[PDB]
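Worksheet for the structure shown next.
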């Protein structure tokens with residue numbers, strides 16, 4: 001009834017000066033499970049809510065190792081995600097090989113931006129319908145980088161993506177002052193509470209559905225699955 | 001069931017405004033039409049079973065194989081026509097042998113299903129696979145959806161009525177389950193969904209254990225099994 | 001319906017996309033005039049600038065393909081610059097291969113071949129620009145050549161491209177109906193008169209850009225504002 | 001044959017005897033062996049012959065005998081034989097005649113479900129395709145007739161089942177669900193409102209007749225019609241946006257709006273207002289615009305059922321002004337239709353005094369009085385947009401080798417709609433509105449030269465529409481400019497020899513030629529100037545330039561001689577009055593008034609015809625005698641000179657067809673033996689032929705015969721002059737002041753517009769004054785065109801002899817053209833065939 | 001009103017009016033963006049834009065609409081940021097190649113031409129869409145004065161004494177016209193630029209913005225740089241005081 | 001259907017200017033109208049007639065840019081043959097290859113067919129030759145034809161006026177007659193382009209001799 005001529009393909013500009021396909025792909029990342037990334041002065045964390053098709057099903061792997069000093073949390077399409085992960089892993093490996101050096105996060109997100117932008121301008125290649133939270137420690141300091149199918153990228157004290165990210169964004173922007181001077185455990189706790197902000201009241205954070213990915217100056221990027229997250233989870237106060 | 005259709009569907013590489021890829025989601029919906037199969041993961045080992053659906057007596061039963069061997073320590077099951085799967089199967093075999101050649105070590109089931117999903121990307125590809133094998137971690141079961149996503153499952157069913165079997169699997173399954181108890185359980189599920197008397201010709205069963213390699217139960221072994229239940 | 005959206009034949013056999021490109025040339029909104037003389041050839045065109053901030057110097061529709069060849073472009077500016085660039089490339093390639101400067105006719109021919117490729121191939125839209133070229137050929141003296149988007153290239157005693165090309169051509173035909181073998185000043189006066197009449201503007205010298213070539217000085221030259229004003233004031237007192 | 005036999009049987013059917021029915025049954029009833037094909041024979045004979053129309057006293061002699069048996073067969077059979085379609089067609093005819101005398105209650109579900117099966121819609125998760133072995137053969141028109149006939153009555157189950165059907169199938173009407181079924185569904189959607197409205201017209205506004213009246217109990221009620229429209233409207237609103245095009249939807253909305261406007265207009269306007277504004281949903285624009293064309297008259301009519309009424313009219317019109325653009329042909333055409341259709345319905349003039357009026361004005365009336373001021377801005381904007389379309393309509397000949405010299409089909413259509421629309425706006429426009437538009441078009445055409453092929457053609461059509469609206473002042477503006485400029489431009493006199501003819505002259509000549517076709521009496525003021533210009537410019541030696549001058553001559557003669565209705569306004573004598581005593585907003589809509597139609601006819605004045613004859617003697621006869629000299633051994637002249645003279649005389653014939661009497665000759669004696677007399681109809685036709693003068697047609701006939709012989713002997717090569725000679729021979733043979741192709745085009749356009757704007761429901765010839773005038777003029781065209789068998793007349797024989805000689809000529813093109821003219825000549829005269837065959 | 005033919009769909013297509021609609025649509029997309037200003041001065045050129053802060057969560061100096069395409073030249077962008085970044089990469093690579101071949105810094109009026117040719121190239125083929133970013137490029141050299149060139153999506157390049165792009169480019173243009181940039185030096189011009197980017201901004205229309213400046217000139221030895229914080233604070237304060 | 005484009009291309013050819021060919025006993029003539037839109041257009045600059053080789057020349061009716069493309073290809077093909085065989089290309093062989101490229105273009109999708117028909121003439125083996133290669137890729141051999149506007153009319157005029165044995169001068173005359181039929185008027189050396197193929201080799205008739213031939217009528 002309201003079929004739109006100009007959303008058929010990405011190469012098509014609308015008369016309103018918008019790419020409906022890009023907007024829609026950016027709409028897609030919200031389909032995924034919520035994930036939270038935040039940083040202290042010397043630490044950066046990625047807190048994600050993994051979800052399963054069934055109880056027997058183990059859970060999806062939202063958090064991934066790009067390198068020792070960089071990690072990501074995926075939202076949106078997992079295929080597009082795995083492509084990006086392979087590209088980024090190869091780039092970081094190339095940098096270590098050539099320069100004997102860890103890759104800068106700003107540089108990596110820039111490369112991701114170029115790679116993502118390419119499909120937007122080409123007919124028949126759909127955009128990467130994936131949104132990532134890129135977290136790592138470098139010489140400058142800890143960083144949190146958001147990327148979207150639009151191929152735009154940002155730098156954030158903290159950010160949440162996926163379904164119901166907005167409540168977590170509100171808690172995070174409320175307590176962003178506190179996060180900076182926070183120690184590691186407190187920063188993790190803040191991230192966990194923010195992730196809880198997205199959850200429905202029926203759901204409660206558990207060992208299984210929670211995954212914590214954390215990096216530091218003296219600490220490589222790690223991922224904590226079910227038992228490894230339990231100490232961080234136990235301290236968290238009960239929800240209102 | 002009247003015609004339900006939207007403008008945004010039928011596009012292969014177009015995001016809907018909700019963000020969904022409906023064309024491929026529908027394609028996944030068709031891929032699930034295949035024959036029903038069940039896989040049970042236990043400490044003792046992995047039990048895979050599937051319905052044969054032979055047309056005629058003249059057909060050689062061994063000729064149609066709905067369970068295959070990727071490696072000695074690996075078994076795999078597929079739903080739908082074997083031909084779509086054959087490419088993935090060949091890739092899995094050749095990849096595990098690349099791993100053996102290069103590293104003199106046995107490829108993990110997680111790595112194998114990962115590499116197959118890496119093929120699947122590099123169409124919807126119209127096959128659902130249920131990899132089951134033993135590894136250094138232990139017996140494991142990985143379900144690879146026709147989407148290409150792969151996850152570990154304590155138990156899983158694929159095919160025409162995977163969901164209905166899955167609900168039964170939820171009730172029966174427990175961690176203490178033995179491979180023998182799982183086999184008797186899995187046969188019960190296939191009996192219900194098939195709604196036909198189980199016999200050696202209409203199913204194929206296979207198992208993997210730490211002690212032994214992939215072993216497909218011979219006709220005599222299957223006869224001893226179904227007779228027990 | 002699939003015949004106008006790409007370069008393919010109409011039932012009557014006509015290329016609607018090419019007609020639309022000819023329209024786009026007028027959509028550009030500027031007029032150019034060229035005229036030939038016994039000893040020279042000239043180009044005139046308006047360079048009215050809308051914005052005060054925009055530099056008058058950088059904006060010009062006259063370009064140098066080679067030292068002895070000058071051109072003027074009309075229509076879409078970007079397409080004009082691309083065409084100019086390709087002409088420069090072809091001229092240098094010609095010089096490198098054949099050891100002598102390309103003649104204007106061969107250059108126009110090459111460019112028309114290129115435009116032909118776009119009109120023939122559906123993927124590429126026709127380049128919506130029209131080029132007029134002036135140069136001195138040793139055998140034939142001054143020459144003027146004009147290539148449309150379609151690929152037709154023809155020599156002209158005088159010609160016009162732009163929104164008022166039709167009225168300009170009527171004026172030039174009336175002028176050349178008499179023999180009127182024009183020297184340099186006469187060619188310049190003729191060109192400026194055609195443009196001033198057809199646009200009804202009565203230009204100031206800054207308004208227009210003028211380029212010429214001469215048998216005495218084959219080097220393509222862009223007249224400065226002062227020489228242009230000298231020619232215009234000589235015209236006004238006449 | 002078979003269709004004619006069936007129509008004859010149906011036409012003779014109602015007068016069959018009362019006793020005829022019983023004997024009809026016994027004759028064919030043995031044939032009803034269901035397994036045998038004689039069943040099909042029987043049912044076909046029954047459907048064709050059995051009278052369904054009888055007065056009620058003898059219904060027992062009529063349909064009571066066979067209705068029960070046939071219905072029992074129809075219901076008992078569940079598979080689909082071929083005869084079942086015929087049977088339901090019979091039942092439908094019976095039901096539509098016998099509205100209330102048949103209960104129809106037991107069989108409503110079975111009928112409706114069988115219709116649904118006829119739709120063959122897919123259903124179910126399996127969605128298994130039907131075998132297709134059985135074709136239902138349920139014509140949707142006949143099913144609709146059955147439904148509307150069984151509609152109404154004390155029992156309302158019919159309405160309930162219709163609503164249940166439409167609600168059941170709403171999903172398929174959705175655009176995203178388009179399929180094969182959609183065509184049949186659109187057919188149903190189009191048919192059913194027409195069924196209901198025709199039933200209502202028969203119920204209420206039909207005159208009494210021999211046919212039985214609809215029983216007052218079973219007559220349709222306001223609640224029943226309201227239930228029907230509420231049942232159907234959502235499907236229609238969905239089908240508006242269907243991929244097919246929504247012509248069916250537009251017609252359905254028209255039919256529904258006649259009866260329930262307050263229901264139907266608001267939703268479509270709620271859709272249409274966004275679609276004008278939106279940039280991303282362009283299909284909505286054309287669909288909604290079309291539907292609004294459908295519902296225009298019910299909208300403007302008002303009537304306090306839909307009180308808002310024409311309040312929406314002018315905003316939609318202003319929004320439609322952007323719609324016209326070069327880019328979109330479909331949008332451009334439908335926007336012309338929108339601007340025109342509402343314009344014709346709506347007399348437009350700024351009714352400022354009405355708001356100032358103290359009383360007698362409804363609130364909506366005052367709102368319209370406020371709106372009417374914007375009409376001047378609207379028309380000026382429309383003219384700006386159209387001039388822009390012309391600026392984007394230029395030919396721009398690209399090929400160096402040649403010029404196109406032709407008009408494409410599409411670019412002719414936009415010219416047609418543009419000129420028609422502009423003429424409608426202007427005749428609807430008031431005096432000052434016309435004056436501003438006149439000055440605008442004059443400034444446009446005068447200031448900017450236009451290449452003649454398409455752009456200049458459109459501008460000249462525009463100026464012609466203006467002059468047609470107000471000839472005296474408009475010609476006072478136009479004619480001196482063109483005459484002075486052309487005489488100033490051609491003063492050198494070497495332009496005559498020049499083939500080029502530089503373009504300003506050619507443009508101005510085209511402009512003059514198009515302006516000239518107007519009421520002759522206004523033209524007669526500009527006599528000496530026009531003829532001086534003609535005498536100068538016929539003889540320009542260029543294929544264009546003498547052709548345009550000849551077209552000017554042709555339009556001049558046709559205007560002076562021909563009879564046509566000049567006014568073509570919605571209100572008779574509308575807007576002539578300066579004072580505000582005339583109340584425009586009252587005039588909106590208001591169709592009908594054929595008795596007070598009051599046509600103003602141009603009739604050839606004595607001065608007009610005298611001037612035409614004088615001019616023809618001035619121009620044709622010198623060229624004619626020049627031809628005669630060329631035919632004799634004298635005045636050896638070029639192919640070009642022969643062509644120019646031929647073009648002159650051909651155009652002079654086509655212009656002067658009415659004046660010059662038909663050719664006469666001695667009848668060929670050996671035609672046939674006929675005891676009864678054979679005669680040719682003589683129709684006065686307002687001709688008043690003057691026989692005192694010598695027949696120009698006759699002298700032209702003898703000379704052109706000689707010249708045909710001369711060129712065939714001496715210059716076979718000159719093909720173009722021979723094309724002209726073929727045209728001239730054909731015109732001289734049959735042309736009597738009218739063109740068959742013009743007549744057919746006018747008839748088709750009238751049929752289309754009458755269907756589009758038809759008020760089927762009430763008034764019973766309730767139609768717009770313009771199409772009424774058009775139909776009268778078409779009646780005149782039919783009268784002058786149609787001619788009975790005429791004497792073979794050995795002059796006409798010799799003309800046919802020349803034509804068959806040219807049909808047997810060397811060159812294929814002249815063979816074909818002469819073959820066409822020869823064919824028409826053979827059709828013309830009775831018993832001409834017997835002579836020419838040997 | 002709206003056109004449903006399909007001429008406007010593909011860039012490799014002409015409208016019967018003679019207009020390519022895709023590029024005009026891209027120019028409208030450029031118009032629907034935060035304003036960016038570049039003003040030349042006799043010493044050098046200054047670039048000023050309004051970097052709209054979408055959320056306070058975003059840290060600072062992010063979504064940078066200022067780019068250094070080379071050491072001596074810097075870009076200020078508008079429109080779609082991803083496309084602008086692609087263009088920046090193109091310009092960087094072009095400058096790298098020119099330096100590698102010809103052994104000196106690429107001149108303005110050449111870099112702009114090549115980048116324009118890339119842009120224009122994207123216009124006239126069916127597959128690829130036009131770029132959505134218009135941008136300003138400016139550099140200063142001793143041999144050649146302060147240069148500012150603006151590039152639109154259509155592929156046209158023109159030098160500007162002052163230029164502005166975005167939603168309020170017209171208002172910025174009239175304010176810049178109410179100025180004398182030719183004589184004025186870069187440091188005072190910075191104050192002026194802050195004034196214009198402040199006045200054009202609609203606090204109600206756009207919630208809040210972080211002002212980014214950049215300039216290049218004789219004072220910087222012909223190297224584009226991100227404006228010492230003292231000068232930037234002084235300019236923002238001056239602009240707000242002028243605003244009150 | 002791809003054939004539809006072929007039909008439309010033939011229509012575009014039919015819109016083209018008149019071109020005429022006659023095959024005399026000792027020579028072949030190729031003639032065409034080159035009517036100039038305006039006096040401003042300079043006739044000397046461009047020739048519709050062009051030679052592929054010394055012994056071959058051709059003329060076109062239809063789209064000039066397509067003609068330039070095809071003549072370039074033909075010249076390269078003839079030179080390729082001359083390199084291989086060190087003898088001049090036969091007229092039929094050249095026509096075949098030119099047809100090959102026309103057929104290749106129309107067969108290829110995403111590209112329109114050529115909008116021109118070519119009349120190819122040459123003298124080889126002490127013999128005249130004439131061919132017409134259409135947009136479809138078909139080539140035929142005629143004694144005489146016309147192309148462009150009124151091509152059927154020209155063909156029938158040729159049919160009536162033709163003789164099996166005629167001299168080069170008489171064929172020149174009948175060609176010019178044939179064009180004089182179609183031409184608007186005021187035919188002159190500038191407006192008309194002529195070429196002949198003979199034992200001497202293909203040559204474009206200069207304006208002086210063309211004026212002589214016109215004066216003969």
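Note that the numbers count up from 1, one per residue, in the order the chain is shown.
If you're wondering, the header gives electron microscopy, 3.2 Å.
Here the Cβ of each residue, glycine as well, is placed from N, Cα and C on the backbone.
Its Cβ taken as reference, residue A:1 (N-acetylmethionine) is surrounded by 16 other Cβ atoms within 10 Å in the chains shown. If you look up Swiss-Prot, you'll see A:1 marked as N-acetylmethionine, on the strength of similarity to another entry.
The annotation phosphoserine is assigned in Swiss-Prot to A:110 (among others) on the grounds of a large-scale study or a structure entry. In the three-state DSSP assignment, the secondary structure recorded for residue A:110 (phosphoserine) is helix. Within 10 Å of the Cβ of residue A:110 (phosphoserine) there are 16 other Cβ atoms, across all protein chains.
Residues annotated as O-linked glycosylation site in Swiss-Prot, with similarity to another entry given as evidence: A:110.
Using a 10 Å radius centred on the Cβ of residue A:115 (ubiquitin cross-link) and all shown protein chains, the other Cβ atoms total 16. Under the DSSP three-state reduction, residue A:115 (ubiquitin cross-link) is assigned to helix. Annotation comment: Swiss-Prot describes A:115 (among others) as ubiquitin cross-link.
Sequence annotations record features per position, and here Swiss-Prot assigns phosphoserine to A:177 (among others). According to DSSP, residue A:177 (phosphoserine) sits within a helical segment. Taking Cβ-Cβ distances under 8 Å and a sequence gap of 6 or more within the same chain, residue A:177 (phosphoserine) has no neighbours at all.
The annotation ubiquitin cross-link is assigned in Swiss-Prot to A:208 (among others). Following the DSSP three-state reduction, the secondary structure of residue A:208 (ubiquitin cross-link) is coil. Sequence-distant neighbours of residue A:208 (ubiquitin cross-link) (same chain, 6+ residues apart, CB-CB distance under 8 A): A:50, A:59, A:226.
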Integer Å distance between the CA atoms belonging to residue A:110 (phosphoserine) and residue A:1 (N-acetylmethionine):
41
Where residue A:1 (N-acetylmethionine) falls in three-state DSSP terms:
coil
If proximity means a C-beta under 8 angstroms from chain D, which of A:1, A:110, A:115, A:177, A:208 count? These are the recorded positions.
A:1
